[PDB]
Each structure stands twice: as structure tokens, then as C-alpha cells.
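Visitor: enclosed are the sequence and the experimentally obtained structure.
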Amino acid sequence: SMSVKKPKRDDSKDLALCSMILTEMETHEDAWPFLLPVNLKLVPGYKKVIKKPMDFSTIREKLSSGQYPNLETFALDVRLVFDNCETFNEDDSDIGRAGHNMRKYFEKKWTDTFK
């Protein structure tokens, strides 16, 4: 509260470490469904159904331009990519499986780096 602060958790490396994680996700073999924004003209249903589209290229641009105020807003956009994928894709599809694999991969890197 006013003039009463918990000790300062060092956040000075968070930008670098989020960028490293994002690189690792970009280079995973199963990242191909997530690299670029879904083409809203060519994928029926996507525009109406997926209220907040998100992809790794869009995260990378946001990261590079100071649009994440802290590491939790970064994790929220990564999870959004996989939550969108689950909303639109059957679990037993290549893209559905890709999304489960990537979410697992991300959550381990997240825990190992920051928890």
C-alpha cells in the first residue's frame, strides 16, 4: 500500500529472455501454423469466430516496439495463440496437435526461465 512495498523482483532481463523464448518457439518444427496471421479473407469462419487473432509474427513486432508492459502480458498473447488454435481446430488434426505440442513446449520454457 502507500509507502509499503514488497521487495523489488529483478525484471531488467525480462525483455531479452521473452525474446529468447519467442525465438525458440519460432524455430520449432511445429510452429508453421502460428508463424503468420491467419488470412481472414481465405479462411472461412475465422474472422467471426476468433475475436482476438494472434500469431508469433505479431507477438514479435509487439515485443520489438515496446507494446508489452510486462512479462505477463507477453505470456497472455502466447497463450492466446494456442487458445485460438483449440477453438478452431479439432484435437485430432495436424494443426490441433501442433498447438498442443507448442503450448507444452512454451509452458516448460516459461516455468524454467521465470519460476
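Guide: Now that the structure is in, tell me what you want to look at. Numbering: from 1, shown residues only.

Visitor: from here on, just use CA atoms for contacts and neighbour counts.
Guide: Will do.

Visitor: mind checking which helix or strand the most centrally placed residue in the chain is in?
Guide: Among the residues of the chain, the one closest to the centroid is residue 78, at 1.2 Å (Cα atoms, centre = their mean). For residue 78, the host element (DSSP states H and E) is helix 71-88.

Visitor: got the CA coordinates for that helix in CSV?
Guide: The C-alpha coordinates for helix 71-88 follow below in CSV (Å, rounded to 0.1, in the frame of the first residue of the first chain):
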residue,chain,number,x,y,z
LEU,A,71,6.2,-10.3,-19.0
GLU,A,72,2.6,-11.4,-18.1
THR,A,73,1.1,-9.5,-21.0
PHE,A,74,3.6,-11.3,-23.2
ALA,A,75,2.5,-14.8,-21.9
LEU,A,76,-1.1,-13.8,-22.3
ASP,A,77,-0.6,-13.3,-26.1
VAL,A,78,1.4,-16.5,-26.5
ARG,A,79,-1.4,-18.5,-24.7
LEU,A,80,-4.0,-16.6,-26.9
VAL,A,81,-2.3,-18.2,-30.0
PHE,A,82,-2.9,-21.7,-28.5
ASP,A,83,-6.4,-21.0,-27.2
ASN,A,84,-7.4,-19.7,-30.6
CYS,A,85,-6.0,-22.8,-32.2
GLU,A,86,-8.0,-25.1,-29.8
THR,A,87,-11.2,-23.1,-30.5
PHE,A,88,-10.9,-23.6,-34.3
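
Visitor: in stretch 46-56, which residues are buried?
Guide: 46, 53-56 (16 or more other Cα atoms under 10 Å).

Visitor: and stretch 101-115, by the same measure?
Guide: For stretch 101-115, by 16+ other Cα under 10 Å, it's 102-103, 106, 109.

Visitor: just to revisit the earlier point, so which elements touch the helix or strand that the helix holding residue 78 is followed by?
Guide: Once helix 71-88 ends, the next helix or strand along the chain (criterion: DSSP H and E) is helix 94-114. Judged by 3 or more Cα pairs under 8 Å, 6 or more residues apart in numbering; DSSP states H and E, helix 94-114 is in contact with helix 14-26, helix 71-88.
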